[PDB]
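Asker: here are the coordinates; sequence isn't available:
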């Protein structure tokens, strides 16, 4: 299942947990469009900080 | 003939079949929920019924 979540709000925390669990055990691909984020491109020498 | 209702007539009957639960109905597993509030108060759609 390629589930799309246009907006997280009002979601049960148990349901969000169950969805991530599906992402892992059923290989769900879940695209959360609500999120905004900045990115940093680490060099291999610095690793994930 | 079918049996006359006990409440139909003026006799007193000192034995009757009382329906009853086998055990206490207050198990103690009271229902509990997860209320989860609107994210933005401005964003709420009061409209449409």
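Answerer: All right, it came through fine. Numbers count the residues shown, from 1 in each chain, chains lettered A, B, ... in the order given.
Asker: which positions within stretch B:25-40 qualify as buried?
Answerer: For stretch B:25-40, a neighbour-count test (16 or more other C-beta atoms under 10 Å in any protein chain shown) marks nothing as buried. Every residue, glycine included, has its C-beta placed from N, CA and C.
Asker: ok, and what's touching that stretch?
Answerer: Outside of stretch B:25-40, the residues that reach it under the criterion C-beta atoms under 8 Å, 6 or more residues apart in numbering or on different chains are A:9, A:10, A:11, A:12, A:13, A:14, B:44.
Asker: now the residue of chain B most remote from its centre: phi and psi?
Answerer: The centre of chain B is farthest from one residue, residue B:42, which by C-alpha atoms, centre = their mean lies 38.5 Å away. Main-chain dihedrals, residue B:42, degrees, to the nearest 10: phi -70, psi -30.
Asker: now do residue A:4
Answerer: Recorded main-chain torsions at residue A:4 are phi -110, psi 130, according to degrees, to the nearest 10.
Asker: ok, the spatially closest residue to it that is not a sequence neighbour - how many residues close by?
Answerer: Of all residues not flanking residue A:4 in the chain, residue A:31 sits nearest, at 5.0 Å (C-beta to C-beta, 6 or more residues apart in numbering or on different chains). Look at residue A:31: counted by other C-beta atoms under 10 Å in any protein chain shown, it has 10 neighbours.
Asker: all good on my end, thank you.
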